[PDB]
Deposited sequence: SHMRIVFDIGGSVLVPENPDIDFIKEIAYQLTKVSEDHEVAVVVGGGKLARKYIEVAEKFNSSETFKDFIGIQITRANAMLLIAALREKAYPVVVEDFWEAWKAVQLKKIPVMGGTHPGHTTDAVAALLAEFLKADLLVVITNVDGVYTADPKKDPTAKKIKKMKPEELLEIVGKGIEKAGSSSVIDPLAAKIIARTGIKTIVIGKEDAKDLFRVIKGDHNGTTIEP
């Protein structure tokens, strides 16, 4: 059993306020173990640091495009922290485009990406990566349990949906755990996607076998 997996690590999980060192350390260990039997690629988000800086740029009335560029820039500094945690198993530099990630995987090294272009999120970056690498699996480690019928941190009636088809995720994301564009990419290619939180992330070996309490999305 040898699969190719893309992990989309949410910026808020990686950097809630300041970088969460314990989680970085722990997820790096997990990723490292999984990389022993599978080809692993990674995309990380911006988190609190990205929101601070973007908010500063907002006070100077900068364009929404320049603000995206700032967030992207912050996601790459974050990606560097994971690369550091992955030690010798990581590709040494933040990967900025898909074919470069492909190369890293050829060299049996783990490529870690940050954002790529204005208009979308690292979620979209992760989906396109998975699509490009023809990954068997896309694992989204976010700050919520899985996919709910409503925002679980707010709406009391929010119920978790264990399994859905890409179309379901599209409805839900429109009515969000995942960004729309990312949702469209997952739906156009039929990328098998798992959405889990920090708890399940503690054991990626089990997660990739389907043993988790998150949400599984597939055609």
item	value
Ranges of the deposited sequence (numbered from 1) for which no C-alpha atom is modelled	176-183
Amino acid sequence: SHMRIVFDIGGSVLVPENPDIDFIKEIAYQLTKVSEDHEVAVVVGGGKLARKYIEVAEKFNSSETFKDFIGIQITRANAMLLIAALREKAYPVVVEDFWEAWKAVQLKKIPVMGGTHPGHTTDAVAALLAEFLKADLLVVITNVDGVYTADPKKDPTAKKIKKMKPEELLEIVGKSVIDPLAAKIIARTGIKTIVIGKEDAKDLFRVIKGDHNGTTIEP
From here on, numbers count along this sequence of modelled residues.
| property | result |
| --- | --- |
| Residue range whose averaged C-alpha B-factor is higher in the record, 38-46 or 159-167 | 159-167 |
| Per the entry, higher mean C-alpha B factor between 95-103 and 109-117 | 95-103 |
| Maximum C-alpha temperature factor, selected from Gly10, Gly197, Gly210, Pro16 | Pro16 |
| Peak C-alpha temperature factor (PDB record), options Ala127, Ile72, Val144, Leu133 | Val144 |
| Modelled-residue ranking by C-alpha temperature factor, third containing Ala28 | lowest |
| Third of the chain's Cα B-factor distribution that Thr122 belongs to, per the entry | middle |
| For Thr193, the third of its chain into which the C-alpha B factor falls | lowest |
